[PDB]
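*Asks:* Encoded as structure tokens, here's the structure I'll be asking about.
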There are 2 protein chains.
Amino acid sequence: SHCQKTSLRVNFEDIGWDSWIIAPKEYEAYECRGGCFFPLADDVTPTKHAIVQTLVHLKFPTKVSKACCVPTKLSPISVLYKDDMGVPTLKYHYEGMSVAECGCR
Amino acid sequence: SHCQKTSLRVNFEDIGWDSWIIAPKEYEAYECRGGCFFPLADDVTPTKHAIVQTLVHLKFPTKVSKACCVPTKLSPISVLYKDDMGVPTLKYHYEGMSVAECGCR
Ligand SMILES: [Cl-]
Ligand SMILES: [Cl-]
Ligand SMILES: [Cl-]
Ligand SMILES: [Cl-]
Ligand SMILES: [Cl-]
Ligand SMILES: [Cl-]
Ligand SMILES: [Cl-]
Ligand SMILES: [Cl-]
Ligand SMILES: [Cl-]
Ligand SMILES: [Cl-]
Ligand code: NA
Ligand code: NA
Ligand code: NA
Ligand code: NA
Ligand code: NA
Ligand code: NA
Ligand code: NA
Ligand code: NA
């Protein structure tokens, strides 16, 4: 039940972006889900700060929060978008749209 | 009430590291606290994925979690630690120990 990449299919209409994104209608964004708690998994690539904070959280759970399972690497997708001239234009690498890797931070 | 760096003073004894860290006894680790919710602040440097996920969370709050306020840059501290030869040694830049910057991820 540890920090990992899971599916997350996003509809641009649902998030109000269909005003400018023509296509695609949906994409696989993924998400990072799971706990950052001891014992850790081999590949959650935990920073020292995440480790320290997790230990502090254990000792003081009402005052300090645990580390968070977040994207640590993102990948691009292509989008067809409306130009200011009102013309569909391809944005070939629209960066930061999809999770490549997750970790505790 | 947005994502930012706040104080977090860590005692190494409290987290079980006084077995190997001789000094210092405590340090300022900081932590990242606050919400990742619209409207965003100017300097939470949000990735596109964090923005998309936050919007999906709004539409589907029981199924998708919000973005997380995490460290996006860390700084070193110096520690005096016990060597395998049982001798105090300085580790001048012990990396990743203190928060330099926070953001939504
Ligand atoms: Cl562990
Ligand atoms: Cl680190
Ligand atoms: Cl491009
Ligand atoms: Cl290419
Ligand atoms: Cl881009
Ligand atoms: Cl905003
Ligand atoms: Cl981005
Ligand atoms: Cl060093
Ligand atoms: Cl130096
Ligand atoms: Cl180091
Ligand atoms: Na997957
Ligand atoms: Na959606
Ligand atoms: Na507490
Ligand atoms: Na290519
Ligand atoms: Na501060
Ligand atoms: Na402490
Ligand atoms: Na829901
Ligand atoms: Na120096």
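Going by the structure tokens order, chains are called A, B, ..., each with residues numbered from 1, while ligands are numbered from 1 in the order shown.
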Please check which protein, DNA or RNA residues sit within 12 Å of ligand 8, counting only C-alpha atoms and all ligand atoms, and write them as a ChimeraX atom specification.

*Replies:* /B:76-80,89-96

*Asks:* Taking only C-alpha atoms into account, find every residue of chain B that has an atom no more than 8 Å from chain A, and write it out as a PyMOL selection string.

*Replies:* chain B and resi 10+14-15+29+31+47-49+52-53+55-56+59+67-68+70-71+74+95-99+105

*Asks:* Which of stretch 25-94 of chain B counts as helix (DSSP H, G or I) under DSSP, as an MDAnalysis selection string please?

*Replies:* chainID B and resid 48:59

*Asks:* For the residues in that selection, give me N, CA, C and O atoms as an mmCIF file, in the first residue's frame.

*Replies:*
data_model
loop_
_atom_site.group_PDB
_atom_site.id
_atom_site.type_symbol
_atom_site.label_atom_id
_atom_site.label_comp_id
_atom_site.auth_asym_id
_atom_site.auth_seq_id
_atom_site.Cartn_x
_atom_site.Cartn_y
_atom_site.Cartn_z
ATOM 1 N N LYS B 48 1.928 21.522 -14.419
ATOM 2 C CA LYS B 48 0.644 21.338 -15.064
ATOM 3 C C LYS B 48 -0.115 20.160 -14.452
ATOM 4 O O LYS B 48 -1.331 20.217 -14.306
ATOM 5 N N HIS B 49 0.596 19.085 -14.084
ATOM 6 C CA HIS B 49 -0.070 17.937 -13.481
ATOM 7 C C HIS B 49 -0.756 18.312 -12.167
ATOM 8 O O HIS B 49 -1.907 17.955 -11.948
ATOM 9 N N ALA B 50 -0.067 19.073 -11.312
ATOM 10 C CA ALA B 50 -0.663 19.558 -10.069
ATOM 11 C C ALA B 50 -1.930 20.391 -10.286
ATOM 12 O O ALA B 50 -2.899 20.290 -9.534
ATOM 13 N N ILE B 51 -1.925 21.212 -11.341
ATOM 14 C CA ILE B 51 -3.085 22.015 -11.690
ATOM 15 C C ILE B 51 -4.242 21.124 -12.134
ATOM 16 O O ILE B 51 -5.359 21.253 -11.639
ATOM 17 N N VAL B 52 -3.962 20.214 -13.072
ATOM 18 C CA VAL B 52 -4.965 19.284 -13.569
ATOM 19 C C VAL B 52 -5.555 18.416 -12.461
ATOM 20 O O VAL B 52 -6.765 18.247 -12.364
ATOM 21 N N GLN B 53 -4.686 17.865 -11.613
ATOM 22 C CA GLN B 53 -5.160 17.017 -10.536
ATOM 23 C C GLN B 53 -6.037 17.788 -9.553
ATOM 24 O O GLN B 53 -7.069 17.288 -9.115
ATOM 25 N N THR B 54 -5.646 19.024 -9.234
ATOM 26 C CA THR B 54 -6.444 19.871 -8.360
ATOM 27 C C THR B 54 -7.843 20.128 -8.919
ATOM 28 O O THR B 54 -8.823 20.102 -8.175
ATOM 29 N N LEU B 55 -7.930 20.365 -10.234
ATOM 30 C CA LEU B 55 -9.213 20.540 -10.896
ATOM 31 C C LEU B 55 -10.041 19.257 -10.898
ATOM 32 O O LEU B 55 -11.248 19.294 -10.686
ATOM 33 N N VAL B 56 -9.385 18.114 -11.129
ATOM 34 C CA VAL B 56 -10.079 16.838 -11.087
ATOM 35 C C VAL B 56 -10.592 16.552 -9.678
ATOM 36 O O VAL B 56 -11.715 16.078 -9.513
ATOM 37 N N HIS B 57 -9.762 16.834 -8.669
ATOM 38 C CA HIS B 57 -10.182 16.713 -7.280
ATOM 39 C C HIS B 57 -11.450 17.520 -6.997
ATOM 40 O O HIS B 57 -12.375 17.031 -6.347
ATOM 41 N N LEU B 58 -11.514 18.754 -7.507
ATOM 42 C CA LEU B 58 -12.698 19.579 -7.277
ATOM 43 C C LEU B 58 -13.953 18.905 -7.815
ATOM 44 O O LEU B 58 -14.996 18.924 -7.169
ATOM 45 N N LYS B 59 -13.846 18.316 -9.009
ATOM 46 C CA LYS B 59 -14.988 17.684 -9.646
ATOM 47 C C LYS B 59 -15.318 16.336 -9.013
ATOM 48 O O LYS B 59 -16.483 15.965 -8.943
#

*Asks:* Stretch 21-90 of chain A: which residues are strand (DSSP E or B) by DSSP, as a PyMOL selection string?

*Replies:* chain A and resi 21-23+26-28+31-33+35+69-82+88-90

*Asks:* Collect all residues with atoms no farther than 7 Å from ligand 15, counting only C-alpha atoms and all ligand atoms, and output them as a ChimeraX atom specification.

*Replies:* /B:5-7,30

*Asks:* Can you write out the residues you just picked, keeping C-alpha atoms, as a short mmCIF file (atom, residue, chain, number, x, y, z; two decimals), in the first residue's frame?

*Replies:*
data_model
loop_
_atom_site.label_atom_id
_atom_site.label_comp_id
_atom_site.auth_asym_id
_atom_site.auth_seq_id
_atom_site.Cartn_x
_atom_site.Cartn_y
_atom_site.Cartn_z
CA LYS B 5 7.92 27.05 4.17
CA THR B 6 7.34 27.00 7.94
CA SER B 7 9.61 26.19 10.85
CA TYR B 30 11.67 23.39 8.00
#

*Asks:* Using only C-alpha atoms, which residues sit within 10 Å of residue B:41 once same-chain residues fewer than 3 positions away are excluded, as a ChimeraX atom specification?

*Replies:* /B:1-4,36-38,44-46,103

*Asks:* Could you check the closest approach to ligand 11 for each of A:24, A:18, A:43, A:101 and tell me which residue wins, using only C-alpha atoms and all ligand atoms?

*Replies:*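 Selected residue with least distance to ligand 11: A:101.
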